[PDB]
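Novice: Let me begin by handing over the structure; questions about it come next.
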Amino acid sequence: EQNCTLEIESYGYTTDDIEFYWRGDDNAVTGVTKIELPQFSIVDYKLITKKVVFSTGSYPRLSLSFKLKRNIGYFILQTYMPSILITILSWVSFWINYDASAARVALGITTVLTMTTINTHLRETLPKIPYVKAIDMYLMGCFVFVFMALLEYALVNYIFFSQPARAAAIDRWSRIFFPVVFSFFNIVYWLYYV
Amino acid sequence: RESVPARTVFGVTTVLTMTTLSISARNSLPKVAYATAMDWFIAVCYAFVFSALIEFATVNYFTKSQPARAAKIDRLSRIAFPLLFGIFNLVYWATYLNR
Amino acid sequence: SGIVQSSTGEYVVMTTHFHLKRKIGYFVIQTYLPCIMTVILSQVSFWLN
Ligand SMILES: *[C@@H]1O[C@H](CO)[C@@H](O[C@@H]2O[C@H](CO)[C@@H](O[C@@H]3O[C@H](CO)[C@@H](O)[C@H](O)[C@@H]3O)[C@H](O)[C@H]2NC(C)=O)[C@H](O)[C@H]1NC(C)=O
């Protein structure tokens, strides 16, 4: 939610010379409920009159504050759904049998490539904000999961020939416990950012 | 069904093609807060590609163990998937061209 | 405060340098970590038979 204000002051006259108020004091601002923003939605607006104190006196001031709550369905549909489904698609390599080396490599490495492409195209589509954001944290999480899945395949392939039993046990454990960790990650993230 | 690497690369890079198409397709739309008709179409097609890959995964998992089942689901999908995509297209176009 | 000499005369100049330091947290998780993970993934290829 972005609290965007408009501050109205008097330049040269102090409260000893000029006084400010809203005419009506609650209906002074109209036309706000009829504003249809493309990306936000005005959830509330406040009117605040006051006298601010500076060195040479106190100057009057009014303040019109909107609270803009950003609409989410777009960002879900465009950014999260692709990343979540690519993470699941990366998981798909676990049901693919151990011998299918080329198959599981293709799946995992192409999922890494797709995650990189999504990240580096949302980096352009999204506004250029050079500090870290929740969307970036989620994309990093999905990337790290794809990375872990491909490393798990690499481990399975390395340790297979010496012990198929442990290879298969690792495969089944990862099959059962990456969806678990992903749900846990999703829960923590969505409850921390809401 | 026995060409696992070819079918796997096929499906996964089809998904990557769909991802690129979706990303390029949304660079034209103004940043609305909700789904446009083209957004529904793209999401449905993307889900179809994901489901085709999942179908192949099921087929591969049940092949060599229940080959009857693997071939049965393949023959069923060949007639289900296009027969469902076509009707989806018909309904979508009919609803949107008439408004 | 300083004095600048130009072809027209000597002028008083009042300077104020503002000191800025760039944040790193964005490039860390947006370029450095993806690059490091890509290199790690490339090396992990050695473990395959
Ligand atoms: C956006 O942020 C501004 C800045 O905080 C919010 O303004 C704040 O609003 C509250 C509630 O009206 C003000 O509290 C009031 O303080 C006066 C002190 O004279 C008191 O008489 C009232 O009973 C109440 O306690 C607060 O002063 C005010 N802050 C500033 C700096 O003006 C604004 O409400 C936010 N926009 C929203 C919530 O839509």
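Residue numbers start at 1 in each chain; chains themselves are named A, B, ... in the order of the structure tokens; ligands are numbered from 1 in the order shown.
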I'd like the contact shell of range 61-78 of chain A - 7 Å cut-off, only C-alpha atoms, skipping same-chain residues fewer than 3 positions apart - returned as an MDAnalysis selection string.

Specialist: (chainID A and resid 1:9 20 39:52 81:82) or (chainID B and resid 32:35)

Novice: With N, CA, C and O atoms retained, write the just-selected residues as a compact mmCIF listing (two decimals), in the first residue's frame.

Specialist:
# COMPACT_ATOMS: atom_id res chain seq x y z
N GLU A 1 0.85 -1.18 0.00
CA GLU A 1 0.00 0.00 0.00
C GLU A 1 0.89 1.23 0.00
O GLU A 1 1.84 1.31 0.79
N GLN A 2 0.60 2.18 -0.88
CA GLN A 2 1.38 3.40 -1.01
C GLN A 2 0.51 4.58 -0.56
O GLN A 2 -0.53 4.86 -1.16
N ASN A 3 0.92 5.23 0.52
CA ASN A 3 0.24 6.42 1.01
C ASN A 3 0.80 7.64 0.29
O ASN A 3 1.88 8.13 0.62
N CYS A 4 0.06 8.14 -0.70
CA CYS A 4 0.50 9.27 -1.53
C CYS A 4 -0.28 10.52 -1.11
O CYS A 4 -1.51 10.52 -1.13
N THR A 5 0.44 11.57 -0.75
CA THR A 5 -0.17 12.77 -0.21
C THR A 5 -0.03 13.96 -1.16
O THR A 5 0.71 13.92 -2.14
N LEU A 6 -0.78 15.01 -0.84
CA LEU A 6 -0.63 16.33 -1.44
C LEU A 6 -0.70 17.35 -0.32
O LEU A 6 -1.70 17.41 0.40
N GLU A 7 0.36 18.13 -0.17
CA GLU A 7 0.52 19.06 0.94
C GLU A 7 0.34 20.48 0.44
O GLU A 7 1.02 20.88 -0.51
N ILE A 8 -0.54 21.24 1.06
CA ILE A 8 -0.86 22.60 0.64
C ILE A 8 -0.47 23.54 1.77
O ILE A 8 -1.01 23.44 2.87
N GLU A 9 0.44 24.47 1.49
CA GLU A 9 0.92 25.41 2.48
C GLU A 9 0.78 26.82 1.94
O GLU A 9 0.46 27.02 0.77
N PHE A 20 -5.96 28.39 7.24
CA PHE A 20 -6.43 27.48 6.21
C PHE A 20 -7.42 26.48 6.79
O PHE A 20 -7.25 26.01 7.92
N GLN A 39 -3.65 0.45 -12.16
CA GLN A 39 -2.82 -0.44 -11.37
C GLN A 39 -3.12 -0.42 -9.88
O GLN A 39 -2.68 -1.32 -9.18
N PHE A 40 -3.87 0.57 -9.40
CA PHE A 40 -4.10 0.72 -7.97
C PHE A 40 -5.59 0.79 -7.68
O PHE A 40 -6.41 0.56 -8.57
N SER A 41 -5.95 1.10 -6.44
CA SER A 41 -7.35 1.31 -6.09
C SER A 41 -7.41 2.12 -4.81
O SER A 41 -6.98 1.64 -3.76
N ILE A 42 -7.94 3.34 -4.89
CA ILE A 42 -8.02 4.20 -3.72
C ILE A 42 -8.89 3.52 -2.68
O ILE A 42 -10.09 3.33 -2.88
N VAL A 43 -8.29 3.16 -1.55
CA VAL A 43 -9.04 2.51 -0.48
C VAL A 43 -9.50 3.49 0.59
O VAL A 43 -10.41 3.17 1.36
N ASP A 44 -8.89 4.67 0.67
CA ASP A 44 -9.28 5.67 1.66
C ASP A 44 -8.58 6.97 1.34
O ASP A 44 -7.50 6.97 0.73
N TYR A 45 -9.19 8.07 1.75
CA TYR A 45 -8.56 9.38 1.65
C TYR A 45 -8.87 10.17 2.91
O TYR A 45 -9.99 10.14 3.41
N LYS A 46 -7.86 10.87 3.41
CA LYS A 46 -7.97 11.66 4.63
C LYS A 46 -7.68 13.12 4.35
O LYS A 46 -6.87 13.46 3.47
N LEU A 47 -8.34 13.98 5.12
CA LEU A 47 -8.15 15.42 5.09
C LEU A 47 -7.59 15.83 6.44
O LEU A 47 -8.22 15.58 7.47
N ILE A 48 -6.42 16.46 6.45
CA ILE A 48 -5.77 16.85 7.69
C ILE A 48 -5.40 18.32 7.60
O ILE A 48 -4.56 18.70 6.78
N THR A 49 -6.01 19.15 8.44
CA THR A 49 -5.59 20.53 8.60
C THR A 49 -4.75 20.66 9.86
O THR A 49 -4.98 19.96 10.85
N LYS A 50 -3.77 21.55 9.82
CA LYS A 50 -2.90 21.73 10.98
C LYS A 50 -2.10 23.01 10.80
O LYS A 50 -2.19 23.70 9.78
N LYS A 51 -1.33 23.34 11.83
CA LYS A 51 -0.38 24.44 11.81
C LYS A 51 0.99 23.87 12.13
O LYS A 51 1.20 23.36 13.23
N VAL A 52 1.90 23.95 11.19
CA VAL A 52 3.24 23.44 11.40
C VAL A 52 4.07 24.56 11.99
O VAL A 52 3.82 25.74 11.72
N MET A 81 2.41 -17.38 -11.46
CA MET A 81 1.96 -18.61 -12.10
C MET A 81 3.04 -19.22 -12.98
O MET A 81 3.31 -20.43 -12.84
N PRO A 82 3.69 -18.48 -13.88
CA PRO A 82 4.76 -19.11 -14.67
C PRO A 82 5.85 -19.70 -13.81
O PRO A 82 6.28 -20.83 -14.06
N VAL B 32 -2.94 -3.46 -16.83
CA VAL B 32 -4.23 -3.53 -16.16
C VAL B 32 -4.11 -4.44 -14.94
O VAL B 32 -3.12 -5.17 -14.79
N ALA B 33 -5.10 -4.39 -14.07
CA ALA B 33 -5.10 -5.12 -12.81
C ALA B 33 -5.83 -6.45 -12.91
O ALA B 33 -6.08 -7.09 -11.88
N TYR B 34 -6.19 -6.86 -14.11
CA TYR B 34 -7.07 -8.01 -14.30
C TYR B 34 -6.80 -8.61 -15.66
O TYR B 34 -6.01 -8.10 -16.45
N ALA B 35 -7.46 -9.74 -15.92
CA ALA B 35 -7.12 -10.59 -17.05
C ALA B 35 -7.90 -10.17 -18.28
O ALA B 35 -9.14 -10.10 -18.25

Novice: For chain B, report every residue with an atom at most 8 Å from chain A (counting only C-alpha atoms), formatted as number ranges by chain.

Specialist: B: 4-6, 8-9, 12-13, 16, 19, 23, 27, 31-35, 50, 54, 57, 60-61

Novice: Keeping only N, CA and C atoms, write the selected residues to a file as a JSON list (two decimals), in the first residue's frame.

Specialist:
[["chain", "number", "residue", "atom", "x", "y", "z"],
["B", 4, "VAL", "N", 12.17, -41.58, -24.69],
["B", 4, "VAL", "CA", 12.06, -40.69, -23.54],
["B", 4, "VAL", "C", 12.81, -39.39, -23.78],
["B", 5, "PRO", "N", 14.07, -39.41, -24.23],
["B", 5, "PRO", "CA", 14.78, -38.13, -24.38],
["B", 5, "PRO", "C", 14.16, -37.24, -25.43],
["B", 6, "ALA", "N", 13.71, -37.80, -26.56],
["B", 6, "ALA", "CA", 13.11, -36.97, -27.58],
["B", 6, "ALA", "C", 11.80, -36.38, -27.10],
["B", 8, "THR", "N", 10.88, -35.84, -24.02],
["B", 8, "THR", "CA", 11.13, -34.92, -22.91],
["B", 8, "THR", "C", 11.62, -33.57, -23.41],
["B", 9, "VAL", "N", 12.61, -33.57, -24.30],
["B", 9, "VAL", "CA", 13.06, -32.31, -24.87],
["B", 9, "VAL", "C", 11.92, -31.64, -25.62],
["B", 12, "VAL", "N", 9.53, -30.04, -22.95],
["B", 12, "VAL", "CA", 10.08, -28.98, -22.12],
["B", 12, "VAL", "C", 10.39, -27.74, -22.95],
["B", 13, "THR", "N", 10.97, -27.92, -24.14],
["B", 13, "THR", "CA", 11.24, -26.76, -24.97],
["B", 13, "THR", "C", 9.98, -26.20, -25.62],
["B", 16, "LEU", "N", 9.08, -23.87, -22.99],
["B", 16, "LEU", "CA", 9.91, -22.67, -23.06],
["B", 16, "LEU", "C", 9.46, -21.75, -24.19],
["B", 19, "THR", "N", 6.51, -19.96, -22.94],
["B", 19, "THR", "CA", 6.90, -18.91, -22.00],
["B", 19, "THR", "C", 7.38, -17.67, -22.74],
["B", 23, "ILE", "N", 5.61, -13.94, -22.56],
["B", 23, "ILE", "CA", 6.33, -12.74, -22.17],
["B", 23, "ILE", "C", 6.27, -11.69, -23.26],
["B", 27, "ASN", "N", 4.08, -7.63, -23.49],
["B", 27, "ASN", "CA", 4.74, -6.34, -23.62],
["B", 27, "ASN", "C", 3.89, -5.31, -24.35],
["B", 31, "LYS", "N", -0.68, -2.01, -18.35],
["B", 31, "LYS", "CA", -0.65, -2.73, -17.07],
["B", 31, "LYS", "C", -2.01, -2.61, -16.40],
["B", 32, "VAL", "N", -2.94, -3.46, -16.83],
["B", 32, "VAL", "CA", -4.23, -3.53, -16.16],
["B", 32, "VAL", "C", -4.11, -4.44, -14.94],
["B", 33, "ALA", "N", -5.10, -4.39, -14.07],
["B", 33, "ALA", "CA", -5.10, -5.12, -12.81],
["B", 33, "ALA", "C", -5.83, -6.45, -12.91],
["B", 34, "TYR", "N", -6.19, -6.86, -14.11],
["B", 34, "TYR", "CA", -7.07, -8.01, -14.30],
["B", 34, "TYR", "C", -6.80, -8.61, -15.66],
["B", 35, "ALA", "N", -7.46, -9.74, -15.92],
["B", 35, "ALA", "CA", -7.12, -10.59, -17.05],
["B", 35, "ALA", "C", -7.90, -10.17, -18.28],
["B", 50, "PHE", "N", 1.54, -27.45, -20.26],
["B", 50, "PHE", "CA", 1.96, -28.06, -19.01],
["B", 50, "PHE", "C", 1.29, -29.41, -18.80],
["B", 54, "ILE", "N", 2.82, -33.19, -18.37],
["B", 54, "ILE", "CA", 2.46, -34.05, -17.24],
["B", 54, "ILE", "C", 1.93, -35.39, -17.74],
["B", 57, "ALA", "N", 4.76, -37.48, -18.64],
["B", 57, "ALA", "CA", 5.42, -37.97, -17.43],
["B", 57, "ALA", "C", 4.68, -39.18, -16.87],
["B", 60, "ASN", "N", 5.42, -42.20, -19.15],
["B", 60, "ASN", "CA", 6.75, -42.76, -18.92],
["B", 60, "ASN", "C", 6.82, -43.50, -17.60],
["B", 61, "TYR", "N", 6.18, -42.96, -16.56],
["B", 61, "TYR", "CA", 6.25, -43.60, -15.25],
["B", 61, "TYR", "C", 5.56, -44.96, -15.27]]

Novice: Do a neighbour search on residue 41 in chain C at 10 Å with only C-alpha atoms, toss out local chain neighbours closer than 3 positions, and write the hits as a PDB file with N, CA, C and O atoms, in the first residue's frame.

Specialist:
ATOM      1  N   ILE A 109      17.870 -28.654 -16.914  1.00  0.00           N
ATOM      2  CA  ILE A 109      18.659 -27.539 -17.409  1.00  0.00           C
ATOM      3  C   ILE A 109      17.774 -26.562 -18.168  1.00  0.00           C
ATOM      4  O   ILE A 109      17.963 -25.342 -18.085  1.00  0.00           O
ATOM      5  N   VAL A 112      16.081 -24.458 -15.652  1.00  0.00           N
ATOM      6  CA  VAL A 112      16.970 -23.379 -15.219  1.00  0.00           C
ATOM      7  C   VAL A 112      16.983 -22.261 -16.254  1.00  0.00           C
ATOM      8  O   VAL A 112      16.902 -21.074 -15.914  1.00  0.00           O
ATOM      9  N   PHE A 147      17.452 -25.107  -9.080  1.00  0.00           N
ATOM     10  CA  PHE A 147      18.855 -25.432  -8.873  1.00  0.00           C
ATOM     11  C   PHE A 147      19.013 -26.675  -8.004  1.00  0.00           C
ATOM     12  O   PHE A 147      19.793 -27.578  -8.325  1.00  0.00           O
ATOM     13  N   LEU A 150      18.043 -29.889  -9.851  1.00  0.00           N
ATOM     14  CA  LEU A 150      19.045 -30.360 -10.800  1.00  0.00           C
ATOM     15  C   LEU A 150      20.272 -30.906 -10.073  1.00  0.00           C
ATOM     16  O   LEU A 150      20.865 -31.900 -10.510  1.00  0.00           O
ATOM     17  N   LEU A 151      20.660 -30.291  -8.953  1.00  0.00           N
ATOM     18  CA  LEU A 151      21.753 -30.855  -8.165  1.00  0.00           C
ATOM     19  C   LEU A 151      21.379 -32.210  -7.584  1.00  0.00           C
ATOM     20  O   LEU A 151      22.232 -33.094  -7.463  1.00  0.00           O
ATOM     21  N   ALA A 154      21.987 -34.599 -10.183  1.00  0.00           N
ATOM     22  CA  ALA A 154      23.417 -34.828 -10.351  1.00  0.00           C
ATOM     23  C   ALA A 154      23.945 -35.775  -9.284  1.00  0.00           C
ATOM     24  O   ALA A 154      24.751 -36.666  -9.573  1.00  0.00           O
TER      25      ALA A 154
ATOM     26  N   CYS C  35      24.807 -15.476 -11.513  1.00  0.00           N
ATOM     27  CA  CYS C  35      26.067 -15.837 -12.153  1.00  0.00           C
ATOM     28  C   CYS C  35      26.789 -16.925 -11.369  1.00  0.00           C
ATOM     29  O   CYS C  35      27.299 -17.891 -11.948  1.00  0.00           O
ATOM     30  N   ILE C  36      26.844 -16.785 -10.047  1.00  0.00           N
ATOM     31  CA  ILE C  36      27.536 -17.773  -9.227  1.00  0.00           C
ATOM     32  C   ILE C  36      26.846 -19.124  -9.329  1.00  0.00           C
ATOM     33  O   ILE C  36      27.505 -20.162  -9.445  1.00  0.00           O
ATOM     34  N   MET C  37      25.514 -19.142  -9.277  1.00  0.00           N
ATOM     35  CA  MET C  37      24.807 -20.407  -9.417  1.00  0.00           C
ATOM     36  C   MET C  37      25.021 -21.005 -10.798  1.00  0.00           C
ATOM     37  O   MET C  37      25.120 -22.225 -10.938  1.00  0.00           O
ATOM     38  N   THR C  38      25.110 -20.171 -11.834  1.00  0.00           N
ATOM     39  CA  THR C  38      25.372 -20.718 -13.161  1.00  0.00           C
ATOM     40  C   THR C  38      26.755 -21.354 -13.232  1.00  0.00           C
ATOM     41  O   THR C  38      26.917 -22.431 -13.814  1.00  0.00           O
ATOM     42  N   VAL C  44      29.204 -28.567 -11.716  1.00  0.00           N
ATOM     43  CA  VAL C  44      28.535 -29.796 -11.304  1.00  0.00           C
ATOM     44  C   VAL C  44      28.468 -30.810 -12.433  1.00  0.00           C
ATOM     45  O   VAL C  44      28.205 -31.991 -12.186  1.00  0.00           O
ATOM     46  N   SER C  45      28.699 -30.386 -13.674  1.00  0.00           N
ATOM     47  CA  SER C  45      28.699 -31.330 -14.785  1.00  0.00           C
ATOM     48  C   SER C  45      29.788 -32.383 -14.644  1.00  0.00           C
ATOM     49  O   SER C  45      29.678 -33.455 -15.250  1.00  0.00           O
ATOM     50  N   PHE C  46      30.831 -32.110 -13.859  1.00  0.00           N
ATOM     51  CA  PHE C  46      31.935 -33.058 -13.754  1.00  0.00           C
ATOM     52  C   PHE C  46      31.530 -34.304 -12.985  1.00  0.00           C
ATOM     53  O   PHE C  46      32.117 -35.373 -13.181  1.00  0.00           O
TER      54      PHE C  46
END

Novice: If you run DSSP on the backbone here, which positions in range 37-182 of chain A get strand (DSSP E)? Please write them as a VMD selection string.

Specialist: chain A and resid 42 to 53 58 to 68

Novice: Which chain C residues are at most 6 Å from chain A (counting only C-alpha atoms), as an mmCIF file with C-alpha atoms, in the first residue's frame?

Specialist:
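Saved as out-v4.cif:
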data_model
loop_
_atom_site.group_PDB
_atom_site.id
_atom_site.type_symbol
_atom_site.label_atom_id
_atom_site.label_comp_id
_atom_site.auth_asym_id
_atom_site.auth_seq_id
_atom_site.Cartn_x
_atom_site.Cartn_y
_atom_site.Cartn_z
ATOM 1 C CA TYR C 26 19.932 -5.411 -5.784
ATOM 2 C CA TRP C 47 30.111 -35.323 -11.301
ATOM 3 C CA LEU C 48 28.089 -36.986 -14.066
#

Novice: To one decimal in Å, tell me the separation between CA of residue 87 in chain A and CA of residue 148 in chain A.

Specialist: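 Here the two named atoms are 10.6 Å from each other.
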
Novice: Mind the document's chain letters and residue numbers, and return as a PDB file with C-alpha atoms, in the first residue's frame the residues of chain C that DSSP labels helix (DSSP H, G or I).

Specialist:
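Dumped everything to states.pdb:
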ATOM      1  CA  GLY C  25      21.621  -5.544  -2.400  1.00  0.00           C
ATOM      2  CA  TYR C  26      19.932  -5.411  -5.784  1.00  0.00           C
ATOM      3  CA  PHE C  27      22.895  -6.349  -7.963  1.00  0.00           C
ATOM      4  CA  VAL C  28      23.838  -9.072  -5.471  1.00  0.00           C
ATOM      5  CA  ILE C  29      20.596 -11.008  -5.897  1.00  0.00           C
ATOM      6  CA  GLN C  30      19.988  -9.939  -9.496  1.00  0.00           C
ATOM      7  CA  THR C  31      23.354 -10.576 -11.202  1.00  0.00           C
ATOM      8  CA  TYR C  32      25.918 -11.962  -8.757  1.00  0.00           C
ATOM      9  CA  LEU C  33      23.902 -14.865  -7.342  1.00  0.00           C
ATOM     10  CA  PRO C  34      22.534 -15.965 -10.739  1.00  0.00           C
ATOM     11  CA  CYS C  35      26.067 -15.837 -12.153  1.00  0.00           C
ATOM     12  CA  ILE C  36      27.536 -17.773  -9.227  1.00  0.00           C
ATOM     13  CA  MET C  37      24.807 -20.407  -9.417  1.00  0.00           C
ATOM     14  CA  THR C  38      25.372 -20.718 -13.161  1.00  0.00           C
ATOM     15  CA  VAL C  39      29.097 -21.315 -12.641  1.00  0.00           C
ATOM     16  CA  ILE C  40      28.384 -23.829  -9.873  1.00  0.00           C
ATOM     17  CA  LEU C  41      25.945 -25.611 -12.174  1.00  0.00           C
ATOM     18  CA  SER C  42      28.507 -25.710 -14.974  1.00  0.00           C
ATOM     19  CA  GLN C  43      31.064 -27.260 -12.621  1.00  0.00           C
ATOM     20  CA  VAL C  44      28.535 -29.796 -11.304  1.00  0.00           C
ATOM     21  CA  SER C  45      28.699 -31.330 -14.785  1.00  0.00           C
ATOM     22  CA  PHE C  46      31.935 -33.058 -13.754  1.00  0.00           C
ATOM     23  CA  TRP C  47      30.111 -35.323 -11.301  1.00  0.00           C
TER      24      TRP C  47
END

Novice: I'd like the interatomic distance between CA of residue 179 in chain A and CA of residue 138 in chain A, to a tenth of an Å.

Specialist: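 A separation of 15.7 Å between them.
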
Novice: So which residues touch range 78-80 of chain B within 12 Å, counting only C-alpha atoms, skipping near sequence neighbours fewer than 5 positions away, as a VMD selection string?

Specialist: chain B and resid 48 51 to 52 55 to 56 71 to 73 85 to 87
